[PDB]
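Asks: One structure coming up, written as structure tokens, with questions to follow.
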Amino acid sequence: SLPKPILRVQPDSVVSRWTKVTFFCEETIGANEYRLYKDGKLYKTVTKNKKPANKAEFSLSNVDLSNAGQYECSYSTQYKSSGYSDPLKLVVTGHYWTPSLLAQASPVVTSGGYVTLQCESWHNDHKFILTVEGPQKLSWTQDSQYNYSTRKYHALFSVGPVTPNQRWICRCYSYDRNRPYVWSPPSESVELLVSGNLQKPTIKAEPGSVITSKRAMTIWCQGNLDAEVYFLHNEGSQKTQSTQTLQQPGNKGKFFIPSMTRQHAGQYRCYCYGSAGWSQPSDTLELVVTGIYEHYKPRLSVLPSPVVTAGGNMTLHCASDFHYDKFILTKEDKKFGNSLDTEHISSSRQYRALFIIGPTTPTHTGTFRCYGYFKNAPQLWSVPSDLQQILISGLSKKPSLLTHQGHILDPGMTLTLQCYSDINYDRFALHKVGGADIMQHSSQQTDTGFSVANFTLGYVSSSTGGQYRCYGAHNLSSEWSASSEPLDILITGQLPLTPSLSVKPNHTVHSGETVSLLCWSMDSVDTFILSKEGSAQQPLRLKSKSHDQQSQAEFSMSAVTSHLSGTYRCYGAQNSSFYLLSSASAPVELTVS
Ligand SMILES: *[C@@H]1O[C@H](CO)[C@@H](O[C@@H]2O[C@H](CO)[C@@H](O[C@@H]3O[C@H](CO)[C@@H](O)[C@H](O)[C@@H]3O)[C@H](O)[C@H]2NC(C)=O)[C@H](O)[C@H]1NC(C)=O
Ligand SMILES: *[C@@H]1O[C@H](CO)[C@@H](O)[C@H](O)[C@H]1NC(C)=O
């Protein structure tokens, strides 16, 4: 007879227990009386007098379980009651057991498609309803099925067709047949990610793609500014929702991780939703967590030398006593190369990995660290090995070494090595033959008009004796210069044997004489060495033939001069150790007129 009224509710039709709700009856015709019906029975009646208005209110303060049911509104003017508004289901939650909700495969879905969601609840004979948080409340009703293989009771829903214009947030409910108006508490907020058809977002991790465990990091998803909410997801499944993003400058979805654990590694992809619709997924960014398996640290060696010339073969050796599956090399803190299988060696009780690089390009100069990991956890790595640095020389002027503070040293003296060159190199490097450590320093500008590098070594010990080389390069240049001809550092006071010295001619010779001098030892000595106080030159090393049981060596001097004040001491050495000298000898001062 009259225009049918309209029924509105605030908030939405599904309300939790002990929460205030308000019905509104809407019309603009007349207001003689309003009637609220519950399940076809007169529940309440409101009269608009004793202040006249246009729309009626019904407050159900603190809703309980009995308030759930179908509600309708009617109104009367004069003496004519006008039909019924379309019914409205008021549902209340509680009393029951909370279900769980899972994506059977993944929430990723192509636009205009369907996804399968498994809801799980422990009630035997229950009907299940899957709903979405949207304007048009879409519902799905299914029965409980139990797979004999899985030995579990649960239902499945095919949601769709997933349109890219609407955001999809799914929630599951379970209810008894004979009590339909009372549902279970809502399950987890399961949101779907739609592979849209718009512009791709750029993804980054500013601390890096390889992070040691227990540390913090950030992930940025930037892109089209049509977006409102940003998401992150993994193939090893995660879902993270960021609705309010950093506005300056522009929509940049920031995600923060305070400490990396097992679940935080894997392949990440940013998804995006906006007013125009969903977007194509981002490129796959692999996040790696190291630090786990913090007991058996791997060890890294290099063959043949940590410094190689351009155009050679270089073998890196990553080994460990522990049964890892694969090893991976990292230049700087970034990736390089690829993974290789471990190899159980019978003799050395080791698990080995042999990384081949040939030829050696100047780009290989860097800081390599090898990690170990397993096949079933490709992103969970071991502890970084003690790093191995690599330098490559070849083409430029040789930077000769000053090698000051003498050529032979007794323990313990403070040794320094200065490295100079004609070309104004901005950076110098030092390395000992047969070693694994390399040293680098920035050159200072001297008064002469070129660059020199100051190198401070520690206490001269048994190990400091050997062969040393230096290299030079510019600030921008990645190619290093060929080394200088080798410096031989010698250590005395190491062998128990002690020689002595003599000369043949007179002490006060004229400046044109010849002077042969001799030092021998009754014990076995292979080579002998002559040393002068402050000898800037390399000392001469001579072979030993045994006259009697004593081992000796003559040092001849031809065309002597007064510039040579004299030769003072003699040392010994053997073929067993070419650079480790014996103790000092009796000094002998010479003079030349
Ligand atoms: C790097 O360290 C070296 C270490 O020798 C510095 O070399 C300096 O060289 C000059 C001469 O080339 C030395 O001067 C000397 O001073 C004494 C008196 O102190 C004098 O009797 C000598 O005739 C000579 O003039 C100087 O002592 C020496 N050491 C220092 C600390 O200056 C070099 O300057 C350092 N810096 C660079 C950029 O290489
Ligand atoms: C060249 O670059 C290195 C590395 O940043 C720096 O140590 C050095 O001060 C720079 N310039 C000079 C003149 O050494």
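Asks: Within the stretch 108-132, count every residue that is closer than 19 Å to residue 178 by Cβ and surrounded by 17 or more Cβ atoms within 10 Å (Cβ to Cβ).
Replies: 5
Asks: If you don't mind, another one. Condition (residue is aliphatic (A, V, I, L, M), surrounded by fewer than 13 Cβ atoms within 10 Å (Cβ to Cβ) and not assigned by CATH to the domain that holds residue 435) applied to the stretch 525-538: is it met by at least one residue?
Replies: Yes, the conditions are met somewhere in the stretch 525-538.
Asks: Which residues, counting only those in the stretch 200-219, are within 12 Å of residue 272 (Cα to Cα) and surrounded by 15 or more Cβ atoms within 10 Å (Cβ to Cβ)?
Replies: Hits for the stretch 200-219 are 200, 201, 203.
Asks: Next question, about the same structure. Kindly list, by first and then second residue, each pair from a residue in the stretch 1-15 that is assigned to a loop (DSSP other than H, G, I, E, B) to a residue that is exposed (fewer than 15 other Cβ atoms within 10 Å of the Cβ) and among the hydrophobic types (A, V, I, L, M, F, W, C), limited to pairs with Cβ atoms under 8 Å and residues at least 6 apart or on different chains.
Replies: Listed by first residue and then by second, the contacts come to 2/29; 3/29.
Asks: Filter the stretch 417-431 for residues that are polar (S, T, N, Q) and surrounded by 15 or more Cβ atoms within 10 Å (Cβ to Cβ); which is nearest to ligand 2 (Cβ to nearest atom)?
Replies: The residue in question is 421.
Asks: Looking at (1) within 14 Å of ligand 2 (Cβ to nearest atom); (2) crowded, with 17+ Cβ neighbours inside 10 Å; (3) not aromatic (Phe, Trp, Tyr), which is the one condition that is false for residue 460?
Replies: (1)
Asks: Answer yes or no: is there a residue in the stretch 343-364 that is crowded, with 19+ Cβ neighbours inside 10 Å and in a loop (DSSP other than H, G, I, E, B).
Replies: No, the stretch 343-364 has no match at all.
Asks: So, in the stretch 141-188, of the ones that are of a type in the set (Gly, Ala, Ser) and either in the same structural domain as residue 69 (by CATH) or in contact with a strand residue (DSSP E or B) (Cβ under 6 Å, 6 or more places away or on another chain) (or both), which residue ends up surrounded by the fewest Cβ atoms within 10 Å (Cβ to Cβ)?
Replies: 158
Asks: Considering only the stretch 265-338, give the strands (runs of 3 or more DSSP E) lying wholly within it that have at least 2 residues that are out of contact with any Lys or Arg (no Cβ under 9 Å at 6 or more places or on another chain) and farther than 30 Å from residue 396 by Cα.
Replies: Filter on the stretch 265-338 gives 266-274, 285-290.
Asks: Do you know which residues across the stretch 437-449 are part of a loop (DSSP other than H, G, I, E, B) and either within 11 Å of ligand 1 (Cβ to nearest atom) or more than 18 Å from residue 474 (Cβ to Cβ) (or both)?
Replies: 437, 443, 446, 447, 448
Asks: Further question: Return the residues of the stretch 463-487 that are within 16 Å of ligand 2 (Cβ to nearest atom) and charged (D, E, K, R); say none if nothing qualifies.
Replies: Of everything in the stretch 463-487, just one residue is within 16 Å of ligand 2 (Cβ to nearest atom) and charged (D, E, K, R), namely 479.
Asks: For the stretch 439-457, name all the residues that are within 16 Å of ligand 2 (Cβ to nearest atom), within 25 Å of residue 305 (Cβ to Cβ) and not aromatic (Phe, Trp, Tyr).
Replies: 439, 440, 441, 442, 443, 453, 454
Asks: Further question: Let me spell it out: the conditions are (1) outside any strand (DSSP E or B); (2) in contact with a strand residue (DSSP E or B) (Cβ under 7 Å, 6 or more places away or on another chain); (3) surrounded by 14 or more Cβ atoms within 10 Å (Cβ to Cβ), and residue 74 meets all of them except one. Which number is the exception?
Replies: (1)
Asks: For the stretch 396-411, what are the residues that are away from ligand 1 (no atom under 16 Å from the Cβ) and among the aliphatic types (A, V, I, L, M)?
Replies: Once the filter is applied, which keeps residues that are away from ligand 1 (no atom under 16 Å from the Cβ) and among the aliphatic types (A, V, I, L, M), the stretch 396-411 yields only 408.
Asks: Same structure, new question: Taking the stated definitions as given, is residue 371 of a type in the set (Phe, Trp, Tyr), away from ligand 2 (no atom under 16 Å from the Cβ) and either outside the structural domain of residue 325 (by CATH) or assigned to a helix (DSSP H, G or I) (or both)?
Replies: no
Asks: While we're on this one: Are any of the residues in the stretch 495-514 surrounded by 13 or more Cβ atoms within 10 Å (Cβ to Cβ), touching a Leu at 6+ places or on another chain (Cβ under 9 Å) and under 18 Å from residue 578 (Cβ atoms)?
Replies: Yes, the stretch 495-514 contains at least one residue that is surrounded by 13 or more Cβ atoms within 10 Å (Cβ to Cβ), touching a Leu at 6+ places or on another chain (Cβ under 9 Å) and under 18 Å from residue 578 (Cβ atoms).
Asks: Here are some residues: 393, 478. Which one is surrounded by fewer than 17 Cβ atoms within 10 Å (Cβ to Cβ), among the hydroxyl-bearing types (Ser, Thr, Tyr), away from ligand 1 (no atom under 16 Å from the Cβ) and over 30 Å from residue 583 (Cα atoms)?
Replies: None of the other options fit; the residue is 478.
Asks: Further question: For residue 434, are the conditions met, namely being within 16 Å of ligand 2 (Cβ to nearest atom), assigned by CATH to the domain that holds residue 473 and outside any strand (DSSP E or B)?
Replies: no
All Cβ positions, even for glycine, are placed from backbone atoms using ideal geometry, and neighbour counts span all protein chains on display. All of this is worked out from the model, or read from it or from the source named; none is laboratory data.
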